[PDB]
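Residues per chain are reported as follows:
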Amino acid sequence: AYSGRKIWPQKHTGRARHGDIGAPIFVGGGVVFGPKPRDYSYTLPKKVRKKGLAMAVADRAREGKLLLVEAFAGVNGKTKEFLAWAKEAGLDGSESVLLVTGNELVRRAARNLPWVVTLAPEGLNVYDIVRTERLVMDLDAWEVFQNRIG
Amino acid sequence: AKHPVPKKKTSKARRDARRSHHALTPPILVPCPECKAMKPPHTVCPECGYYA
Amino acid sequence: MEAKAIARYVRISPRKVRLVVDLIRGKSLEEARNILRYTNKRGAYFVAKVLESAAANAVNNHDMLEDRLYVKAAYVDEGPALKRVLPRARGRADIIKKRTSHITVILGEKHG
Amino acid sequence: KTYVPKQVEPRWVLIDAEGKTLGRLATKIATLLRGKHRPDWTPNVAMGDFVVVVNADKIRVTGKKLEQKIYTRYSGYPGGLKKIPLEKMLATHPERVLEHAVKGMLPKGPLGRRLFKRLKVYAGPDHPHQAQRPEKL
Amino acid sequence: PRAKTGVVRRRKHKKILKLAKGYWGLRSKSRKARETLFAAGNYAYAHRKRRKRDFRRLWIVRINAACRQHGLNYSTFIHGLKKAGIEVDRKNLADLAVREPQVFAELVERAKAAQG
RNA sequence: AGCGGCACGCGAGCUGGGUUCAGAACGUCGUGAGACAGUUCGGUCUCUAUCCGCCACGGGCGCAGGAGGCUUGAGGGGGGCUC
RNA sequence: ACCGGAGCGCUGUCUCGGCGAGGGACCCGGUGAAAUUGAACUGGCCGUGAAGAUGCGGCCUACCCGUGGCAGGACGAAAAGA
RNA sequence: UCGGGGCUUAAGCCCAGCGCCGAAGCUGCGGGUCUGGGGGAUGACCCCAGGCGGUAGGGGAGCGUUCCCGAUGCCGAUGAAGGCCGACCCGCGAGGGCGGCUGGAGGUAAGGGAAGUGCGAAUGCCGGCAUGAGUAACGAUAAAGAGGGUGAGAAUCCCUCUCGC
RNA sequence: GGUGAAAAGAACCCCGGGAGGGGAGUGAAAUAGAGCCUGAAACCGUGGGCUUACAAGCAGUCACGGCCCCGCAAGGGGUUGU
Ligand SMILES: [Mg+2]
Ligand SMILES: [Mg+2]
Ligand SMILES: [Mg+2]
Ligand SMILES: [Mg+2]
Ligand SMILES: [Mg+2]
Ligand SMILES: [Mg+2]
Ligand SMILES: [Mg+2]
Ligand SMILES: [Mg+2]
Ligand SMILES: [Mg+2]
Ligand SMILES: [Mg+2]
Ligand SMILES: [Mg+2]
Ligand SMILES: [Mg+2]
Ligand SMILES: [Mg+2]
Ligand SMILES: [Mg+2]
Ligand SMILES: [Mg+2]
Ligand SMILES: [Mg+2]
Ligand SMILES: [Mg+2]
Ligand SMILES: [Mg+2]
Ligand SMILES: [Mg+2]
Ligand SMILES: [Mg+2]
Ligand SMILES: [Mg+2]
Ligand SMILES: [Mg+2]
Ligand SMILES: [Mg+2]
Ligand SMILES: [Mg+2]
Ligand SMILES: [Mg+2]
Ligand SMILES: [Mg+2]
Ligand SMILES: [Mg+2]
């Protein structure tokens, strides 16, 4: 907002020497190299996108955590059902899990459930993979995972 | 502002020293013939009076 | 036992009252009273008033006797300052500082 | 840690001066003025021996000196460079000549001035008959 | 993201100002202390090398004044020992002149004969 | 009726006639604007001394007991002309 | 009310200063600024150092703190030299 | 005034001799670090030797502040951040850790990421407080004095008288 | 810009013209008491330990000693005489 007038003639003034208040060295004055809006994204090579994905899956699987489920007694969007299904599935909740599935009803279940994060098939991303301790994905979802890489 | 100007900010120590003789001195008083009040020498006083 | 009495926000220079204070520090009550009485200074009035109150507080609130107390200690403190302008030759504007005081007086029981 | 000495009683000394060269004598007087001679030396405390001299006027001096040697007394006032030849000092207070000698060989520090006190000088002889008087050459 | 100067400076300063505590005037109350420290720093290091030299001569005066009492120069004393082959009396422990003078005396006697 | 040092001593002591701003003119050079160890008339000289220094006057202690009165003179200073 | 020369009158312009009047300076009470300010425990001479020293070297001198007064120095202040 | 006191068959000058002083140079004992070399399933680390003043300047390795993932986690009223003090422990260091005091509510390990990332100086910008300094100045040299009254308190407000402009 | 969980914002007594204090009372907290959370630094001040009036200076550093304070001891801290 500041003007642009020169505050002093810079001569016989005894004062320092300045132009406008806009000067950065002027409490309230403009910023120097303050951050301007800009993109942080870029285009990582496609080959690498696939590599990391498979590698991550292979890792969690190597440890012995990639379970390929299919049976879902969870008829509707009710958490109780999933919590019971997971209980007999061997999922006591002592492990974070990336529940990958195509069914939006399975979603509703583990949706609110804290120790599990729901996810669509294509949503497979190394972040959420290495993010969780366990990995459980529908066979049909494994097929679409197989389409991208398999 | 003109010719006469202090060359250096006087040290706090040197400053205090100047005010050495600066200290005050207690006044002098004496008991009067009237009340026990303390009058200054060669003087009358309120709430006491005098003579002659 | 000791009794305090403070007079904050007193319009007067510290250095000025310090002189008066330094006179009665560690003096008998009655002795000090007479000093302030005939002492030629403005700071006298403000120190005498508060010191007088220090005795009242010492009595009506601390069971101390008027005939046996003195000035255990006392001192003035520099409060804020009322800055004012001042028209000077050729338009110079010098700020003037009408300071304030914080006279403190604490009495105390003598001996036994 | 090196020896840490303590209070020591002042060892007085009686020193002659007849025929003694000014400089040669002052040398020993100074070295003995401070406890520099005693192996228990300590520049810190300064505990030199009380030196007392007699027969000041007797002091010899080589060649042109009584006439050549000049002393300088400068007052703060202009032209106050007042200077005096050696012969005059022997006329007035002769003890001075040896004092300004030893004084010149004493350290510049404060304690050095404290040492200059330990140095007594006259010409008679006859010192203030106190007590100690260990003669020496 | 902005990063206020925060506490960083105040800690850096008081940190130093404590080290300079004990000095004089503003010299121990401000950045002036910093300047003073640099001098003191280079003083400690220089006076650290001096501290050896100080005692080197400190003993020598003791030594010389000692054997001069028996009747010989410091150079005369040392020469004898350097000849007799007795590194024993490191000039520091030559202080024997005060502690057990008899020992120091016999050390002189050795030097007397060792020369000739 | 000496010659010289001392920022050709001395303007936080004075003056400002000279030189060294703006106006003017003559001579003079330049087409000109302008220019001149050429001349001429005119032209703002900044109340407060902190430190050293100096001239004067006090306060505090010290002077191995307190006190009153009178003194010694190391040292320093002034003076010093001449018809 | 322009600049120069001379003369008369009249005078502290001067020889050459003296005395006095009042308004300030000085002491007490009341109020209370400024420029400046690296830090200070800030002596003289002879040398010395980027060539003009409180601060380095040698020597002399000098109890601690002020109040009044003078301006020689702090290459004093002021204005990033006209 | 030779740096000074001083110095005369020398404390001067020339010739020859032995001894000592004296640096952060050298040796001794200890520790750092970097480099080359040796032991070495043994990564590791031990041992030997040498380099290591340093401006512009190039290179290398760290500490610290702001924020994100880590976090629906952990620390936290039995006290977070910040503040004040320490002679203690760790690190060459920038720093970190512990103990007391204050404080009253936030803080964010290990390992990684991103920057408005460290100030003593710019006659730097803002604010606060010092120094001169109880100093100069209280703004026309027309001028004041006294009695009474009011009043917590009057040279300064009211009233009367006298004076002056 | 900020009292505190809440105004419960201090009734009443005392000194005082007032201001401001000292009690009492509220509150977990009053150096949270009102431009009041946290309260650093410059700067001002009182009390205490050590220190200084023959002294020469970038104010420090190195050594020795005295005095004061912590510790069973050796030792460590503060001050500064030379
Ligand atoms: Mg605008
Ligand atoms: Mg603009
Ligand atoms: Mg802005
Ligand atoms: Mg969820
Ligand atoms: Mg004015
Ligand atoms: Mg002349
Ligand atoms: Mg001139
Ligand atoms: Mg002038
Ligand atoms: Mg003329
Ligand atoms: Mg000419
Ligand atoms: Mg002219
Ligand atoms: Mg002219
Ligand atoms: Mg002086
Ligand atoms: Mg005389
Ligand atoms: Mg004298
Ligand atoms: Mg006529
Ligand atoms: Mg001011
Ligand atoms: Mg002085
Ligand atoms: Mg000198
Ligand atoms: Mg005065
Ligand atoms: Mg790098
Ligand atoms: Mg300026
Ligand atoms: Mg003044
Ligand atoms: Mg005045
Ligand atoms: Mg009245
Ligand atoms: Mg609080
Ligand atoms: Mg100690």
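Within each chain the numbering goes from 1 in written sequence order, not necessarily matching the entry, and residues lacking coordinates are not shown. Chains carry letters and ligands carry numbers; both start at the beginning, A for chains and 1 for ligands, and go up in the order they are written. Shown here is not the whole assembly but part of a larger one, and the values apply to the part shown. The side-chain figures draw on all heavy atoms in the structure; neither hydrogens nor water molecules are used.

Method-wise, the PDB entry is recorded as coming from X-ray crystallography, at a reported resolution of 3.620 Å.

Colleague: I tried to follow the nonpolar core on my own but got confused; where do I start?
Modeller: One recurring pattern in soluble globular proteins: nonpolar side chains tend to sit buried together. All names here are of chain C. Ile24, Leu36, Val47, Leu51, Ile103, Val105 and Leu107 are the most contacted members of the largest nonpolar core, which has 29 residues in total. Where this core is concerned, the elements lending two or more residues are β2 (6-11), α1 (14-24), α2 (29-38), α3 (43-60), β3 (69-75) and β5 (96-109). Secondary structure follows DSSP: runs of H or I at least 4 residues long count as helices, runs of E at least 2 residues long count as strands, and numbering of each begins at the N terminus. Ranked by the residues each element gives to this core, the list is headed by α3, at 7 residues. It only takes one pair of heavy atoms within 4.5 Å for two residues to be counted as in contact. When neighbours within four sequence positions are excluded, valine 105 is seen to be in contact with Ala3, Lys4, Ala5, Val50, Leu51, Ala54, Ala73 and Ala74. Nonpolar cores are built from buried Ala, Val, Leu, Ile, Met, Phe, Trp, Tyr and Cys residues. Side-chain atoms within 4.5 Å join them into one set. Under the scheme applied here, a residue whose accessible area is under 20% of the maximum for its type counts as buried, over 50% as exposed, and between as partly exposed, the area being computed with a 1.4 Å probe on protein chains only.

Colleague: I'm lost on the protein's contact with RNA strand G in this one. Help?
Modeller: Being near a molecule or strand, for a residue, comes down to having at least one heavy atom within 4 Å of it. Taken together, 37 residues sit near RNA strand G, with B:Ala1, B:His3, B:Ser11, C:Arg42 and D:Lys108 positioned nearest. If you look at RNA strand G and keep only atoms within 4 Å of the protein, 71% of those are sugar or phosphate atoms. Residue B:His21 places a side-chain N or O atom 2.9 Å away from a base oxygen belonging to RNA strand G. Residues are grouped as follows: nonpolar covers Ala, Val, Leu, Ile, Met, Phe, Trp, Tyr, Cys and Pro; charged covers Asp, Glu, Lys and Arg; every other residue, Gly included, is treated as polar. The class makeup of the residues in the surface near RNA strand G is 10 nonpolar, 8 polar and 19 charged. Pairs of N or O atoms within 3.5 Å make up the polar contacts considered here, provided that, within protein, one atom can donate a hydrogen while the other can accept it, and that residues adjacent in sequence are counted only when both atoms are side-chain atoms.

Colleague: Hey, could you run me through the sheet that holds strand β6 (residues 135-136) of chain D in this one?
Modeller: Each strand in a sheet pairs with its neighbour through backbone hydrogen bonds, running either in the same direction (parallel) or in the opposite one (antiparallel). Residue and element names in this part refer to chain D. Ordered by their spatial adjacency, 4 strands build an open sheet running β5-β2-β1-β6, and the pairing between neighbours is parallel. Looking along the sheet, the strands with just one partner apiece sit at the ends: β5 (120-121) and β6. Strands pair, by our definition, only if DSSP identifies at least two bridges between them. Across 3 bridges, strand β1 (residues 13-15) lies against strand β2 (residues 51-53) in parallel orientation. Bridge assignment links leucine 14 to a residue of β2, and that residue is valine 52.

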